[PDB]
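Protein chains in written order, with the deposited numbering: chain C, 1 to 440; chain E, 75 to 141; chain D, 1 to 273, 284 to 431. All C-beta atoms in this analysis are idealised placements derived from N, C-alpha and C, irrespective of residue type, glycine included. Data block below; observations after.
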Amino acid sequence: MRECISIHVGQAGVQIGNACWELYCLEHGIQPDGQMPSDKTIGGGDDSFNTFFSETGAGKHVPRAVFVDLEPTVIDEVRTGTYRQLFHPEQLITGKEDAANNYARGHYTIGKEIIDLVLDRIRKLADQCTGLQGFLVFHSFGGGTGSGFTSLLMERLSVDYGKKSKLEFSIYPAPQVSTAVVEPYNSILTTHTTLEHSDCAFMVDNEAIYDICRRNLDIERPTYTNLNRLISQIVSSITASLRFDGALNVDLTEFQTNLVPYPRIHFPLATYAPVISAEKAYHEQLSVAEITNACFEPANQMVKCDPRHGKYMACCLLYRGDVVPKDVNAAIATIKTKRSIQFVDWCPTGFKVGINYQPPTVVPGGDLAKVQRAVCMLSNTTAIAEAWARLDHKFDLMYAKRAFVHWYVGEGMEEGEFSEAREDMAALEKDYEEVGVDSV
Amino acid sequence: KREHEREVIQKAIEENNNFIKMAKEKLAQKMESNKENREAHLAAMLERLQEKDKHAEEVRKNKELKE
Amino acid sequence: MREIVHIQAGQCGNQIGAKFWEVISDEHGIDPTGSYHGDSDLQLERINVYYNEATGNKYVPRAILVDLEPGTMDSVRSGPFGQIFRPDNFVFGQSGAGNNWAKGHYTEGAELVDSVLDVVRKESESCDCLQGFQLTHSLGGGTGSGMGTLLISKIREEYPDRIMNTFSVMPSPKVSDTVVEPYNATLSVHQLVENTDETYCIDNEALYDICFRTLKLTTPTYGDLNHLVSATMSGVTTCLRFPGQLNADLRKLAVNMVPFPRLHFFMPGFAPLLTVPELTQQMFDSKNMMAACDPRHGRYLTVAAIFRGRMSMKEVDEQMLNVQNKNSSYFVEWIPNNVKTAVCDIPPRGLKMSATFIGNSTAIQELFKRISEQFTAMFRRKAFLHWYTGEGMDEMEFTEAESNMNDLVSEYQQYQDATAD
Ligand SMILES: Nc1nc2c(ncn2[C@@H]2O[C@H](COP(=O)(O)OP(=O)(O)OP(=O)(O)O)[C@@H](O)[C@H]2O)c(=O)[nH]1
Ligand SMILES: Nc1nc2c(ncn2[C@@H]2O[C@H](COP(=O)(O)OP(=O)(O)OP(=O)(O)O)[C@@H](O)[C@H]2O)c(=O)[nH]1
Ligand SMILES: COc1ccc(C=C2c3ccccc3C(=O)c3ccccc32)cc1O
Ligand SMILES: [Ca+2]
Ligand SMILES: [Mg+2]
Ligand SMILES: [Mg+2]
């Protein structure tokens, strides 16, 4: 059991979902029609990949997932896409009118018209679980649906499922690919509203991913397709412990114990390696020591910030592929005596390690080189608060003049919700500052 | 000791239910306040357009009363 | 889908309206019979936005043709793509407005408006999900100006949660010798600021200067001015009509272009009148603005730009970054990332590549100051004021429209002078 239900909200959530589930299928040897030859238990099973896939009597392996968007054109591409047979039609839910980059429309005006239907379809998935573990919610900060509807959903999920774990994969906005000027507003509102309802959230800075695609894969002008195929690798690394087995395999919940020292401090910094093109990877083997040291290069982070100017509260290394503890320990010992790694005084300095022997997979026609071993570092650093600081500043510039606020007020919201949301963020920045101060 | 054990798990249940309860009410309050506001905004808009019709009637009336 | 309902009122409205439908019908690859004869599927991806699909794959414009005189109606029906328009959507009176705003708004138009609304209602009720309306008209005349603003108020009554966009043609003595125009404009502006979500300020003063000084066309015809308007209207609706990163949504444009409800008057621009750096410098140049205003006499609140044709997207990003940096003083700092770029692979007709500009600049006040100046010159003498009171109007409604437009100017000035600190 230990099933996990994925919920993909808005364009970003959906399209990242397409990348993730395509990648999952290739890792598990599942076909586009849902058939899995290697799986001999037909109609069911308690294998590790069953945490993400249910099984029909006809041998089809179905993603434990719901796709939701208040506009049909993105999900329509799923309905007619390569993996259309993979999902039951009821798993793909669409309205007719999006949130127009407006949090209010996503949370209230438009969202309320579909929220009950969504919860019902989510319930149908959960009833098929023999031991539901929690939810994974994919969404953007900037979109009206990704922000507004997600926060509404998270609120409703806490009511219908109590304290059942809810994890986020959140797309932090970047001007190179941003779609709205009001994304800072939507970002602060969703973060405030969701904060009490999320147990752990992995932020993905689009600018960080944009730079990595340009720098490491030599893509002149990365598309969402370029970004999403990279994101899915990070997501895969994080969920690998749930979808596979192994002696040295460490469950994500165990890392979570270390990563969240206080409820509000639940935003881990992800760093992935190696990101390299086929051209450069040829006749070039990146060892355990090399990919591990790369985790402490800020240019490889999912969020733009400087951990070297902050303090660590946890450090987790999630390896996959040809990796053994001996080489890991050697690599860590070297890194500790050359890198700027400083912990807060209330936390032990030991790195927590997990290894999944299943090697990295790549999607056909992708840009990422197929390597024998990869690593994803999950750290809890005060430096992530820099991402809040940048967003909150852009929020302040516009709100001082009440720019664009009338679009929100027009949809039923009040300025009190803006000030309430911004104050919670200021408290959050203060929280990250306090945890870094030495004990008395 | 057995008594303490009961009190702990009861407290856990109480806090969990209290969280669910407050979350349920806080949300119902927000959607209600939002429904009121949005309606009040659309109602005012129509009232201003309603005044434009009343004005136009007074204009057309003012014309024939100058002949 | 997401349908837009087109409306064209008065002479000017129907002229540019007809031209708009000619140009995009070509781009979407449909003939004046309503049949598709294109090569790319991208032409029909978002065709439903402006067209109704009838029997036998017959694409009919979702357009409503209005005028208080039947003259222009025959011109459209006889002109190219006159056989594509829906016959029942032709709504015509018999008595013109005679360039009288009061007639169009209170008297003559108020009698014809209901039959128009019946056609609006019939079109709207057949939409999967109506997103709003777009109006083409002038503010200098009587019908398109007076009755156009009447329709807006009436449509907004039955569709208050829909977007109301307008392509308003501003009057200029350089083109029209009619004397009472600054009255009809001020009275129209008084309505547009209250009841429209997005207004594209098409300025004849600008259109004239472009044909004359840039295109080297002394004594420019309306066909010349409209060729500019058509290319402009085609550009600012490209993303509404073609597949892209961001889809066709009037509301999303309004949300990101309008920081304050009253300040929704855009000055469009077009280029050329090449390489990517050239296009970018031109489209931001004052000479290429369809509104007679210098952007360097104010600051940009927001800007939307559409490049069309096959070109380097890396280069477009770099050059757009370059302009914002080199001209940072002309963009308000209290709105981060207020310039957004879109790219359509399909170029217009005749050009290998072009660039359309949509700016929300505080420099637009120059246009409203021009009208206000010409207005107060007429109103101090009460010249031709009897043509308006004759229909039952009051001197106050002239005063209110004046001061309301004066407020709009000062409000644009307020946010031009505003600072981050
Ligand atoms: N990484 C990544 N980011 C995306 C993708 N699609 C959209 N985004 C980001 O999401 C933000 C806008 O939110 P969207 O998800 O597109 O909008 P939405 O959730 O559908 O809500 P609506 O406004 O109603 O459309 C922008 O900052 C985009 O950069 C994607 O496929 N991958
Ligand atoms: N750019 C452009 N402007 C036009 C065109 N036709 C008329 N105008 C302008 O429109 C203004 C007058 O409004 P019209 O549209 O002609 O008049 P109307 O809307 O039919 O109202 P009435 O004639 O009084 O019934 C003048 O200032 C003209 O310069 C045109 O084809 N192109
Ligand atoms: C100023 O900020 C913005 C302004 C406008 C938009 C959206 C749009 C827009 C949105 C929906 C439909 C059409 C358009 C466009 O045709 C357009 C063309 C180029 C760039 C942006 C835009 C998005 C923004 O973030
Ligand atoms: Ca099985
Ligand atoms: Mg969307
Ligand atoms: Mg005329």
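heavy atom of ligand 6 below 7 Å from residue i C-beta
i: D/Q11; result: yes
i: C/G17; result: no
i: D/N100; result: no
i: D/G269; result: no
Candidates the options: closest to residue i by CA position
i: D/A248; options: D/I47, D/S25 and D/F167; result: D/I47
i: C/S340; options: C/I7, C/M36, C/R121 and C/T381; result: C/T381
i: C/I332; options: C/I291, C/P360 and C/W346; result: C/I291
i: D/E412; options: D/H396, D/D431, D/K379 and D/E401; result: D/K379
i: D/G319; options: D/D355, D/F294, D/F341 and D/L284; result: D/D355
i: C/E97; options: C/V250, C/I219, C/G310 and C/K112; result: C/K112
i: C/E423; options: C/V435, C/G410 and C/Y399; result: C/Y399
i: D/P171; options: D/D161, D/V189 and D/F341; result: D/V189
i: C/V68; options: C/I30, C/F296 and C/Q15; result: C/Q15
i: D/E69; options: D/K103, D/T366, D/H37 and D/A54; result: D/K103
i: D/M73; options: D/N332, D/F90 and D/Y59; result: D/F90
i: D/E194; options: D/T290, D/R262 and D/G142; result: D/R262
i: D/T312; options: D/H264, D/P272, D/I64 and D/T219; result: D/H264
i: C/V288; options: C/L317, C/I265, C/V260 and C/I30; result: C/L317
i: C/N258; options: C/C4, C/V303, C/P348 and C/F53; result: C/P348
i: D/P272; options: D/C303, D/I4 and D/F317; result: D/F317
i: D/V342; options: D/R306, D/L377 and D/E376; result: D/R306
Distance cut-off 7 Å: residue i Cβ against heavy atoms of ligand 4
i: C/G44; result: yes
i: C/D39; result: yes
i: C/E55; result: yes
Neighbour list for residue i in chain C, Cβ cutoff strictly below 9 Å
i: D/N348; result: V181
Residue i: CB within 7 Å of a non-hydrogen atom of ligand 5
i: C/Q11; result: yes
i: C/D76; result: no
i: C/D98; result: yes
Proximal residues of chain E, C-beta to C-beta of residue i below 7 Å
i: D/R156; result: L123
Partner residues on chain E for residue i, Cβ-Cβ distance less than 8 Å
i: D/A110; result: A130 and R134
i: C/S158; result: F93, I94 and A97
i: D/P173; result: Within chain E, no residue comes near D/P173; the closest Cβ sits about 29 Å away, beyond 8 Å.
heavy atom of ligand 2 below 7 Å from residue i C-beta
i: D/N204; result: yes
i: D/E22; result: no
i: E/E121; result: no
Buried versus exposed call for residue i [16 or more other C-beta atoms within 10 Å across all chains shown]
i: D/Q94; result: exposed
i: E/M96; result: exposed
i: D/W344; result: buried
i: C/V440; result: exposed
i: D/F394; result: exposed
i: E/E125; result: exposed
i: C/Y103; result: buried
i: C/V437; result: exposed
Any non-hydrogen atom of ligand 3 within 7 Å of residue i CB
i: D/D249; result: yes
i: D/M293; result: no
i: residue 280 of chain D; result: Missing from the coordinates is residue 280 of chain D; the shown part of chain D jumps over it, going from 273 to 284.
Chain D residues whose Cβ lies nearer than 9 Å to that of residue i
i: E/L101; result: Chain D residues near E/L101: none, gap ~24 Å exceeds 9 Å.
Neighbour list for residue i in chain D, Cβ cutoff strictly below 7 Å
i: C/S178; result: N347
i: C/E97; result: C129
Chain C contact residues for residue i, given Cβ-Cβ distances below 8 Å
i: E/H115; result: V409, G410 and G412
i: E/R112; result: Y108, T109, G410, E411 and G412
Residue i CB to nearest heavy atom of ligand 1 below 7 Å
i: C/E411; result: no
Chain-ordered chain E contacts of residue i [CB-CB under 9 Å]
i: D/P261; result: Simply none; closest approach about 11 Å.
Chain-ordered neighbours of residue i on chain C, where CB pairs are closer than 7 Å
i: E/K109; result: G412
Quiz item: If you scan the segment 80-167 of chain C from start to end, which runs of the beta strand (DSSP E) of 3 or more residues do you find wholly inside it?
Solution: 92-94 and 134-140
Quiz item: Considering only residues of the segment 218-294 of chain C, which uninterrupted alpha helix (DSSP H) runs meet the minimum length of 4 residues and lie entirely inside it, listed in chain order?
Solution: 224-243, 252-259, 278-281 and 288-293
Quiz item: Could you give the uninterrupted runs of the alpha helix (DSSP H) lying entirely in the segment 115-192 of chain D, keeping only those of 4 residues or more?
Solution: 148-158
Self-check item: Uninterrupted beta strand (DSSP E) stretches inside the segment 332-377 of chain D (no shorter than 3 residues)
Solution: 349-354 and 363-371
Quiz item: Which full runs of the beta strand (DSSP E) of 3+ residues lie inside the segment 280-363 of chain C, going along the chain?
Solution: 312-321 and 352-356
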